[PDB]
Every structure is written in C-alpha cells, then in structure tokens.
Amino acid sequence: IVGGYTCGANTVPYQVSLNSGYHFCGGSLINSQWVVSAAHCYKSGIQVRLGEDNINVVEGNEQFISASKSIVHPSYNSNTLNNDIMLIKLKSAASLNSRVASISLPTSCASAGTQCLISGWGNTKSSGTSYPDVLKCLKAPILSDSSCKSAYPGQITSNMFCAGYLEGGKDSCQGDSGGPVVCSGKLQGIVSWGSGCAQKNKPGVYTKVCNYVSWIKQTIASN
Ligand SMILES: [Ca+2]
C-alpha cells in the first residue's frame, strides 16, 4: 500500500497473509474455513496466517493453518487477468474471536464513489521498494466505469473495477494482491493489477467480487 497508514494491530480482522516461507499475497477470511484471494496468487505450499499485524514477529493472536484446497476460478485468464479469484479452504477451521473474524460477501454490487478500505503488507513505495512489518490501510473510492476504461482502454472487463486516486500517491501495490477491498462491511474487491503503483492516471484494478457470490457459495457447498 502506497500512501496509506498503519492500520493498527488486528483492526482488519479478516485480513490474512498467504505465506510460503515469506509473505507473498493477501486474502480475506469469509468464514471459519475459507479464504478469498486472487487466482494469480495460486501456488503450492500455502500457509494461511490469520491474526497478523507484524508479519516478521510472533506477537500473539496469530493462527497459522495450511491450505487444504486452493481453487482457482476455472475461467481465470492469465493474460487478460479476467476472473482473478481463488478460494482457499483451510485444513482446520480458524478460531474466530475479535482479532480473527470473517467479512461478509456482497448482496449487490457497489456504485461509483463508494468509499472502501484496502489493506495489505505490500510495497509502500511508488518508485523502488520498501516492505512494511505491519499491516497498512488505505481509504479509496470506486471510480466510474468510464474513468476506469479511459485509464485502461481495452483492458477492463465486466469482472473488474478501478479504485483509488487519479492524482497519484495512494494505491495498492505488489505484495497486496489477493487482499481485500471492503466497502460498507462487504468484500467488494480483490487486489488484482495496475500499471505501476500510485502513478497519475493509473488507478488500481480489482476483481469485482459481487459477480462471483453465487460461484463462491456453490464452490464452498460442494467442497
Ligand atoms: Ca506476527
């Protein structure tokens, strides 16, 4: 997250870190046994880390649980990035409490101008790299479909939206992929892609979770 702020420990209790000997992506806890992340985050050897603030120090409140299933959307396209969503089933259920809690799925899509909270342990620099110890947060609005398509012509599908700031300085970044975009208590987005980070006229692009609620429910019910 570039241009954000330190969330505060456990203030985003649905935020998870996906770890393979290092933090590589975020995710969102949607019930005690399932996490939503990005398809492009798929790999073998995923350990889900819940309850984290400083990802480099054991502080208390962490739960480390291996992924038992990692289900990339069958129609994920690694060139267009359409359908950039994955479900992870935990080997055991997480213990839910104030510091580890699920986030609700949307019942409807969010409108342009809706304010959201985006979070992660990704890069905090627009040029160069700096990775934080603690979780970072950014408040950001959803942009209009016309502004999003103007920024990224030919590249925005119905399963994507833009959020952030066209003036530069405030965005998600590498290391944030798979993490949450929460608006009015609902998980509306997944950190997906963008051109650079926090660059003028190049907002973040996010998977439009409201299009996948039925797919998520059906996939969880059958697994
Ligand atoms: Ca920790």
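Values reported hereafter were calculated over all heavy atoms of this structure, with side chains retained and with hydrogens, waters and symmetry mates removed. Each ligand, and each atom within it, is numbered from 1 in the order the structure gives. Along the sequence shown, residues are numbered consecutively beginning with 1.
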Distance-only side-chain donor-acceptor flag, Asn82 / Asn77, under 3.5 Å: no
Side chain to side chain contact (heavy atoms under 4.5 Å, CB included) between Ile30 and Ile220, intermediate numbers included: CA-CA 11 Å; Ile30 63 161; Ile220 289 175; 3.8 Å; yes
Residues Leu29, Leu90; criterion side chain to side chain contact (heavy atoms under 4.5 Å, CB included); working and verdict: CA-CA 10 Å; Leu29 190 66; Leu90 303 181; 4.3 Å; yes
Short side-chain donor-acceptor distance under 3.5 Å, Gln15 and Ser119: yes
Verdict with reasoning, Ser172 to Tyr206, per side chain to side chain donor-acceptor pair (under 3.5 Å): CA-CA 10 Å; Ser172 60; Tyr206 301 92; 2.7 Å; yes
Exercise: do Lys43 and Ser20 side chains pair donor with acceptor under 3.5 Å: yes
Residue-atom pairs from the protein, N, O or S only, that lie under 3.0 Å from the Ca ion (ligand 1): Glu52 OE1, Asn54 O, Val57 O, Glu62 OE2
